[PDB]
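S.K.: Quick one: this structure, given as structure tokens, is what I'll be asking you about.
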Amino acid sequence: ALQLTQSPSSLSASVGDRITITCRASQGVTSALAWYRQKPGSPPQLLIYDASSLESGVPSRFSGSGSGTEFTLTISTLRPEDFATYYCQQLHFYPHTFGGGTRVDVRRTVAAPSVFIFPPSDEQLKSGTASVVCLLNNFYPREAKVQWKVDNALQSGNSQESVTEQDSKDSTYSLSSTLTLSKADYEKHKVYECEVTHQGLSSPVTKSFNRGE
Amino acid sequence: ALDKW
Amino acid sequence: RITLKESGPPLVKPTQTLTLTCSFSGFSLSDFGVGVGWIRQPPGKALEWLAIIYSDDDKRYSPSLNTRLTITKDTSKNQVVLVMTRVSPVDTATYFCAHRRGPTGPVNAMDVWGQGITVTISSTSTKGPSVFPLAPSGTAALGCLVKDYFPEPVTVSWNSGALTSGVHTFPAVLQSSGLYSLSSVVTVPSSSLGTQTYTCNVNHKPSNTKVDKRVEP
């Protein structure tokens with residue numbers, strides 16, 4: 001199938017910056033490429049159609065160019081309302097593919113996460129399940145890696161996480177990861193470890209607790 | 001398949 | 001001008017069929033070359049093209065979902081319908097219908113989109129949450145784990161709204177059980193741990209379930 005590759009997938013910038021973003025197509029799509037801006041909770045909004053035509057009503061700072069397999073979207077001066085996700089779409093071949101999107105967020109100085117680990121409550125253990133959670137608070141940039149370990153055994157497939165929207169005031173993100181185990185497995189092991197990897201950390205940091213101690 | 005237009 | 005709005009069931013059972021309707025005004029599916037397509041978006045994922053139907057009943061579906069989708073249009077009601085069969089939790093997403101201009105260049109885009117409808121696929125029944133503490137022991141963190149509830153949404157406040165600074169209520173995750181689970185945390189002075197009290201106020205309107213969980217070391 002025809003693949004549409006968007007680069008970079010994520011990008012940090014400041015108000016007033018000039019940014020250019022690209023969409024690459026595995027095969028020639030002539031001029032049949034559209035660009036959309038999508039703010040969280042809202043539907044995509046058309047910016048450029050037919051690769052270079054500025055959609056009516058759309059601000060002048062937006063512009064697009066390209067043909068065949070290479071295309072770009074440029075924002076001459078970004079505004080606060082431009083911190084969103086951008087997508088390209090080709091309508092030359094069926095199916096009408098969309099790119100993977102480019103996330104543009106607010107840039108600020110690198111901030112390492114403050115990490116905390118929370119053992120499961122005795123109340124929950126009665127239910128037959130143990131949830132242990134790890135909190136990565138107020139960090140930047142967004143990319144962060146959480147690795148769970150139990151008695152030094154790497155856990156895989158039994159955790160879930162979610163991240164907050166970038167903070168309006170301090171531009172940071174926070175992340176919560178939950179490791180789920182049966183009560184039996186929880187009482188069977190001793191050390192519960194949450195290891196965090198992030199650019200603001202010279203080396204991965206590990207927060208832990210011993211179930212009985 | 002090519003798009004309609 | 002042109003406007004579209006998606007309607008249908010916000011909740012659908014695994015294996016069942018999803019039927020969505022796109023009602024529009026400001027234009028008509030009669031007017032030549034005009035199209036109405038469907039695009040979906042899984043929470044936090046990218047846009048995915050589903051199908052499109054034109055004025056001449058011409059039709060196209062995403063290859064991968066072709067044996068599961070059926071798209072039709074009723075000119076008498078200005079509505080386009082999308083039927084997706086044997087849905088599973090991965091089909092949980094926001095479904096959008098959009099308009100495509102006909103030959104007057106401008107055909108190369110989907111110029112107007114609906115607000116989108118959120119569809120959740122779970123075999124789950126309405127259920128209130130269990131609220132567990134995330135106990136703390138300079139800055140200290142503490143919180144509440146709001147587990148196994150359905151459906152969204154749920155509200156969390158701290159100290160009856162008196163505590164707002166340092167609060168982070170995370171997006172809920174849909175577990176494999178089909179039930180949601182979310183956490184809310186707040187960061188505070190460690191010195192405040194022994195004197196100030198911290199209580200999360202949880203409200204799951206769907207189940208008429210309210211819980212006040214006091215959290216401590």
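By order in the structure tokens, chains are A, B, ...; within a chain, residues start at 1; ligands start at 1, following the order shown.
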Residues of chain A near chain C: apply a cut-off of 6 Å, count only C-alpha atoms, and supply the list as an MDAnalysis selection string.

M.R.: chainID A and resid 32 34 43 46 49:50 95 100 118 162 164

S.K.: Could the residues in this selection be written to a file with N, CA, C and O atoms, as a PDB file, in the first residue's frame?

M.R.:
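In the end it all went to out-v6.pdb:
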```pdb
ATOM      1  N   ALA A  32      -2.084  15.990  -5.517  1.00  0.00           N
ATOM      2  CA  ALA A  32      -3.198  15.589  -4.659  1.00  0.00           C
ATOM      3  C   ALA A  32      -2.835  15.356  -3.194  1.00  0.00           C
ATOM      4  O   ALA A  32      -3.000  14.248  -2.683  1.00  0.00           O
ATOM      5  N   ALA A  34      -3.216  17.102   0.813  1.00  0.00           N
ATOM      6  CA  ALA A  34      -3.810  18.121   1.669  1.00  0.00           C
ATOM      7  C   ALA A  34      -3.185  18.121   3.062  1.00  0.00           C
ATOM      8  O   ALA A  34      -2.725  17.080   3.549  1.00  0.00           O
ATOM      9  N   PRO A  43     -11.972  18.507  15.567  1.00  0.00           N
ATOM     10  CA  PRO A  43     -11.710  17.728  14.360  1.00  0.00           C
ATOM     11  C   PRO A  43     -10.633  18.421  13.530  1.00  0.00           C
ATOM     12  O   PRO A  43     -10.330  19.603  13.750  1.00  0.00           O
ATOM     13  N   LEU A  46      -8.780  21.849   7.532  1.00  0.00           N
ATOM     14  CA  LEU A  46      -8.035  22.024   6.290  1.00  0.00           C
ATOM     15  C   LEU A  46      -7.258  23.332   6.209  1.00  0.00           C
ATOM     16  O   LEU A  46      -7.815  24.412   6.408  1.00  0.00           O
ATOM     17  N   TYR A  49      -4.811  22.703   0.310  1.00  0.00           N
ATOM     18  CA  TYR A  49      -5.361  21.680  -0.564  1.00  0.00           C
ATOM     19  C   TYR A  49      -4.607  21.728  -1.877  1.00  0.00           C
ATOM     20  O   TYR A  49      -4.003  22.744  -2.218  1.00  0.00           O
ATOM     21  N   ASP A  50      -4.627  20.618  -2.603  1.00  0.00           N
ATOM     22  CA  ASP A  50      -3.937  20.524  -3.883  1.00  0.00           C
ATOM     23  C   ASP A  50      -2.461  20.896  -3.720  1.00  0.00           C
ATOM     24  O   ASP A  50      -1.865  21.544  -4.585  1.00  0.00           O
ATOM     25  N   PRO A  95      -6.583   3.492  -1.259  1.00  0.00           N
ATOM     26  CA  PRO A  95      -7.297   4.358  -0.314  1.00  0.00           C
ATOM     27  C   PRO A  95      -6.581   5.694  -0.066  1.00  0.00           C
ATOM     28  O   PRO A  95      -5.367   5.795  -0.238  1.00  0.00           O
ATOM     29  N   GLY A 100       1.340   9.867   9.496  1.00  0.00           N
ATOM     30  CA  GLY A 100       1.292   9.562  10.918  1.00  0.00           C
ATOM     31  C   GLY A 100       1.205  10.795  11.802  1.00  0.00           C
ATOM     32  O   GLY A 100       1.105  10.685  13.020  1.00  0.00           O
ATOM     33  N   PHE A 118       4.295   3.874  44.071  1.00  0.00           N
ATOM     34  CA  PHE A 118       3.210   3.611  45.014  1.00  0.00           C
ATOM     35  C   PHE A 118       2.817   2.138  45.092  1.00  0.00           C
ATOM     36  O   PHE A 118       2.327   1.572  44.120  1.00  0.00           O
ATOM     37  N   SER A 162      -0.477   6.605  30.806  1.00  0.00           N
ATOM     38  CA  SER A 162      -1.156   7.707  30.145  1.00  0.00           C
ATOM     39  C   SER A 162      -0.364   8.948  30.514  1.00  0.00           C
ATOM     40  O   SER A 162       0.294   8.984  31.556  1.00  0.00           O
ATOM     41  N   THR A 164      -0.317  13.435  30.581  1.00  0.00           N
ATOM     42  CA  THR A 164      -1.163  14.626  30.572  1.00  0.00           C
ATOM     43  C   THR A 164      -0.854  15.531  29.384  1.00  0.00           C
ATOM     44  O   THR A 164       0.123  15.316  28.663  1.00  0.00           O
TER      45      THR A 164
END
```

S.K.: List every residue of region 6-180 of chain A that DSSP, applied to the backbone of this structure, assigns to strand (DSSP E or B), and report them as a PDB file with C-alpha atoms, in the first residue's frame.

M.R.:
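Below is the file that was written, selection_7.pdb:
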```pdb
ATOM      1  CA  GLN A   6       5.656  12.625   8.038  1.00  0.00           C
ATOM      2  CA  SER A   7       8.803  14.200   9.475  1.00  0.00           C
ATOM      3  CA  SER A  10       7.272  15.398  16.934  1.00  0.00           C
ATOM      4  CA  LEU A  11       8.707  18.912  17.114  1.00  0.00           C
ATOM      5  CA  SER A  12       9.124  21.539  19.842  1.00  0.00           C
ATOM      6  CA  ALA A  13       9.026  25.261  19.082  1.00  0.00           C
ATOM      7  CA  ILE A  19       8.975  25.828  11.098  1.00  0.00           C
ATOM      8  CA  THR A  20       8.780  23.562   8.090  1.00  0.00           C
ATOM      9  CA  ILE A  21       7.348  20.099   8.197  1.00  0.00           C
ATOM     10  CA  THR A  22       7.422  17.303   5.595  1.00  0.00           C
ATOM     11  CA  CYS A  23       5.252  14.555   4.159  1.00  0.00           C
ATOM     12  CA  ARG A  24       6.831  11.900   1.908  1.00  0.00           C
ATOM     13  CA  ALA A  25       4.886   9.507  -0.340  1.00  0.00           C
ATOM     14  CA  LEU A  33      -1.980  16.292  -1.113  1.00  0.00           C
ATOM     15  CA  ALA A  34      -3.810  18.121   1.669  1.00  0.00           C
ATOM     16  CA  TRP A  35      -2.612  19.471   5.022  1.00  0.00           C
ATOM     17  CA  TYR A  36      -4.685  19.687   8.191  1.00  0.00           C
ATOM     18  CA  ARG A  37      -4.184  21.137  11.653  1.00  0.00           C
ATOM     19  CA  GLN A  38      -5.830  19.369  14.579  1.00  0.00           C
ATOM     20  CA  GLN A  45      -9.108  21.573   9.916  1.00  0.00           C
ATOM     21  CA  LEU A  46      -8.035  22.024   6.290  1.00  0.00           C
ATOM     22  CA  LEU A  47      -5.109  24.401   5.778  1.00  0.00           C
ATOM     23  CA  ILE A  48      -3.767  23.548   2.333  1.00  0.00           C
ATOM     24  CA  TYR A  49      -5.361  21.680  -0.564  1.00  0.00           C
ATOM     25  CA  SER A  53      -3.390  26.172  -2.356  1.00  0.00           C
ATOM     26  CA  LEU A  54      -4.130  28.055   0.843  1.00  0.00           C
ATOM     27  CA  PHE A  62       0.535  28.909   6.413  1.00  0.00           C
ATOM     28  CA  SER A  63       1.956  27.737   3.104  1.00  0.00           C
ATOM     29  CA  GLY A  64       2.578  24.463   1.344  1.00  0.00           C
ATOM     30  CA  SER A  65       4.660  23.239  -1.561  1.00  0.00           C
ATOM     31  CA  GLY A  66       5.710  20.095  -3.337  1.00  0.00           C
ATOM     32  CA  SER A  67       4.635  17.631  -5.973  1.00  0.00           C
ATOM     33  CA  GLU A  70       7.900  15.435  -1.665  1.00  0.00           C
ATOM     34  CA  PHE A  71       5.767  17.981   0.175  1.00  0.00           C
ATOM     35  CA  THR A  72       6.177  20.600   2.905  1.00  0.00           C
ATOM     36  CA  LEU A  73       4.021  22.761   5.145  1.00  0.00           C
ATOM     37  CA  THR A  74       5.601  25.959   6.447  1.00  0.00           C
ATOM     38  CA  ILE A  75       4.417  28.263   9.216  1.00  0.00           C
ATOM     39  CA  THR A  85      -0.918  17.998  15.491  1.00  0.00           C
ATOM     40  CA  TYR A  86      -0.577  18.278  11.735  1.00  0.00           C
ATOM     41  CA  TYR A  87      -1.496  15.665   9.157  1.00  0.00           C
ATOM     42  CA  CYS A  88      -1.062  15.328   5.417  1.00  0.00           C
ATOM     43  CA  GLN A  89      -3.332  13.250   3.195  1.00  0.00           C
ATOM     44  CA  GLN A  90      -2.991  12.088  -0.396  1.00  0.00           C
ATOM     45  CA  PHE A  93      -4.783   6.702  -5.090  1.00  0.00           C
ATOM     46  CA  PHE A  98      -3.117  10.050   5.963  1.00  0.00           C
ATOM     47  CA  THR A 102       3.593  15.763  13.354  1.00  0.00           C
ATOM     48  CA  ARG A 103       3.082  16.922  16.952  1.00  0.00           C
ATOM     49  CA  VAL A 104       4.184  20.500  17.616  1.00  0.00           C
ATOM     50  CA  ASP A 105       4.537  21.399  21.289  1.00  0.00           C
ATOM     51  CA  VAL A 106       5.823  24.300  23.388  1.00  0.00           C
ATOM     52  CA  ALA A 111      13.318  19.156  32.987  1.00  0.00           C
ATOM     53  CA  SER A 114      10.376  13.737  39.734  1.00  0.00           C
ATOM     54  CA  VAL A 115       9.691  10.021  40.214  1.00  0.00           C
ATOM     55  CA  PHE A 116       7.517   8.323  42.837  1.00  0.00           C
ATOM     56  CA  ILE A 117       6.450   4.710  43.302  1.00  0.00           C
ATOM     57  CA  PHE A 118       3.210   3.611  45.014  1.00  0.00           C
ATOM     58  CA  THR A 129      -5.437  -7.778  42.249  1.00  0.00           C
ATOM     59  CA  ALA A 130      -2.459  -5.553  43.019  1.00  0.00           C
ATOM     60  CA  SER A 131      -1.899  -2.288  41.190  1.00  0.00           C
ATOM     61  CA  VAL A 132       1.456  -0.622  41.682  1.00  0.00           C
ATOM     62  CA  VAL A 133       1.893   2.765  40.104  1.00  0.00           C
ATOM     63  CA  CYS A 134       4.803   4.919  39.075  1.00  0.00           C
ATOM     64  CA  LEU A 135       4.554   8.676  38.699  1.00  0.00           C
ATOM     65  CA  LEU A 136       6.854  10.802  36.540  1.00  0.00           C
ATOM     66  CA  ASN A 137       6.013  14.383  37.473  1.00  0.00           C
ATOM     67  CA  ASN A 138       6.588  17.613  35.530  1.00  0.00           C
ATOM     68  CA  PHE A 139       9.177  16.716  32.893  1.00  0.00           C
ATOM     69  CA  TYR A 140      10.267  17.887  29.426  1.00  0.00           C
ATOM     70  CA  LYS A 145      10.670   5.430  29.210  1.00  0.00           C
ATOM     71  CA  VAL A 146       9.326   3.483  32.174  1.00  0.00           C
ATOM     72  CA  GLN A 147      10.529  -0.052  32.884  1.00  0.00           C
ATOM     73  CA  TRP A 148       9.040  -2.228  35.609  1.00  0.00           C
ATOM     74  CA  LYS A 149      11.063  -4.838  37.472  1.00  0.00           C
ATOM     75  CA  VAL A 150       9.991  -7.346  40.122  1.00  0.00           C
ATOM     76  CA  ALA A 153      12.601  -9.542  36.420  1.00  0.00           C
ATOM     77  CA  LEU A 154      11.665  -7.201  33.568  1.00  0.00           C
ATOM     78  CA  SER A 159       1.458  -2.349  32.451  1.00  0.00           C
ATOM     79  CA  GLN A 160      -0.417   0.635  31.011  1.00  0.00           C
ATOM     80  CA  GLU A 161       0.363   4.348  31.049  1.00  0.00           C
ATOM     81  CA  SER A 162      -1.156   7.707  30.145  1.00  0.00           C
ATOM     82  CA  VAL A 163       0.334  11.197  29.849  1.00  0.00           C
ATOM     83  CA  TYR A 173       4.249  16.775  31.070  1.00  0.00           C
ATOM     84  CA  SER A 174       3.551  14.177  33.717  1.00  0.00           C
ATOM     85  CA  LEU A 175       3.117  10.446  33.262  1.00  0.00           C
ATOM     86  CA  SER A 176       1.431   7.665  35.203  1.00  0.00           C
ATOM     87  CA  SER A 177       2.218   3.978  34.669  1.00  0.00           C
ATOM     88  CA  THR A 178       0.340   1.130  36.321  1.00  0.00           C
ATOM     89  CA  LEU A 179       1.730  -2.365  36.722  1.00  0.00           C
ATOM     90  CA  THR A 180      -1.019  -4.927  37.335  1.00  0.00           C
TER      91      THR A 180
END
```

S.K.: Might you pull out every residue within 10 Å of residue 4 (chain B), with only C-alpha atoms counted and same-chain residues fewer than 5 positions away left off, and present them as a list in words?

M.R.: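 So, after excluding close chain neighbours, the residues are residues 91, 92, 93 and 94 of chain A; 33, 54, 58, 102 and 107 of chain C.
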
S.K.: What does the structure give for the distance between CA of residue 151 (chain A) and CA of residue 191 (chain A), in Å to one decimal?

M.R.: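 Interatomic distance here is 5.0 Å.
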
S.K.: At a cut-off of 7 Å, list the chain B residues touching chain A, using only C-alpha atoms, as an mmCIF file with N, CA and C atoms, in the first residue's frame.

M.R.:
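Output saved as out-v7.cif:
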```
data_model
loop_
_atom_site.group_PDB
_atom_site.id
_atom_site.type_symbol
_atom_site.label_atom_id
_atom_site.label_comp_id
_atom_site.auth_asym_id
_atom_site.auth_seq_id
_atom_site.Cartn_x
_atom_site.Cartn_y
_atom_site.Cartn_z
ATOM 1 N N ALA B 1 -5.767 1.574 -7.350
ATOM 2 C CA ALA B 1 -6.834 2.340 -8.029
ATOM 3 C C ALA B 1 -6.622 3.847 -7.961
ATOM 4 N N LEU B 2 -6.799 4.501 -9.099
ATOM 5 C CA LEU B 2 -6.676 5.940 -9.170
ATOM 6 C C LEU B 2 -7.906 6.637 -8.684
ATOM 7 N N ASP B 3 -7.662 7.769 -8.041
ATOM 8 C CA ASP B 3 -8.711 8.595 -7.520
ATOM 9 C C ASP B 3 -9.577 9.083 -8.700
#
```

S.K.: Quick one: everything within 8 Å of region 194-198 of chain C, counting only C-alpha atoms, minus sequence neighbours fewer than 6 positions away in the same chain. Send it as a ChimeraX atom specification.

M.R.: /C:158-159,214-216

S.K.: So which residues of region 52-151 of chain A fall under alpha helix (DSSP H) by DSSP, listed as a PDB file with C-alpha atoms, in the first residue's frame?

M.R.:
```
ATOM      1  CA  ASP A 122      -4.237  -3.637  51.476  1.00  0.00           C
ATOM      2  CA  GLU A 123      -7.825  -2.802  50.599  1.00  0.00           C
ATOM      3  CA  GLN A 124      -7.229  -3.618  46.923  1.00  0.00           C
ATOM      4  CA  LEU A 125      -5.340  -6.863  47.615  1.00  0.00           C
TER       5      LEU A 125
END
```

S.K.: Fewer than 5 positions away in the same chain doesn't count, so skip those; otherwise give me all residues within 10 Å of residue 152 (chain C), counting only C-alpha atoms, as a list in words.

M.R.: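 Contacts, with the query itself left out: residues 120, 126, 172, 174, 179, 180, 181, 204, 205 and 206 of chain C.
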
S.K.: Near residue 79 (chain C), counting only C-alpha atoms, which residues have an atom at most 8 Å away, once you skip same-chain residues fewer than 2 positions from it, shown as a VMD selection string?

M.R.: chain C and resid 21 to 24 73 to 75 77 81

S.K.: Could you save those same residues with N, CA and C atoms as a tab-separated table (two decimals), in the first residue's frame?

M.R.:
```
chain	number	residue	atom	x	y	z
C	21	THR	N	-24.36	7.47	11.37
C	21	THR	CA	-25.02	8.30	10.38
C	21	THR	C	-24.42	9.70	10.32
C	22	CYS	N	-24.21	10.17	9.09
C	22	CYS	CA	-23.67	11.50	8.84
C	22	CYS	C	-24.77	12.35	8.21
C	23	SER	N	-25.27	13.32	8.97
C	23	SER	CA	-26.32	14.21	8.49
C	23	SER	C	-25.66	15.53	8.11
C	24	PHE	N	-25.96	16.03	6.92
C	24	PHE	CA	-25.34	17.25	6.45
C	24	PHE	C	-26.29	18.28	5.83
C	73	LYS	N	-25.97	6.01	1.09
C	73	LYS	CA	-26.43	7.38	1.15
C	73	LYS	C	-27.91	7.44	0.83
C	74	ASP	N	-28.62	8.36	1.47
C	74	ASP	CA	-30.04	8.54	1.24
C	74	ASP	C	-30.20	9.99	0.85
C	75	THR	N	-30.43	10.24	-0.43
C	75	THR	CA	-30.58	11.61	-0.92
C	75	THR	C	-31.81	12.33	-0.37
C	77	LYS	N	-32.84	12.28	2.60
C	77	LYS	CA	-32.57	12.78	3.94
C	77	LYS	C	-31.21	13.43	4.14
C	81	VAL	N	-24.58	6.71	5.56
C	81	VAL	CA	-24.47	5.74	6.64
C	81	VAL	C	-23.25	4.84	6.50
```
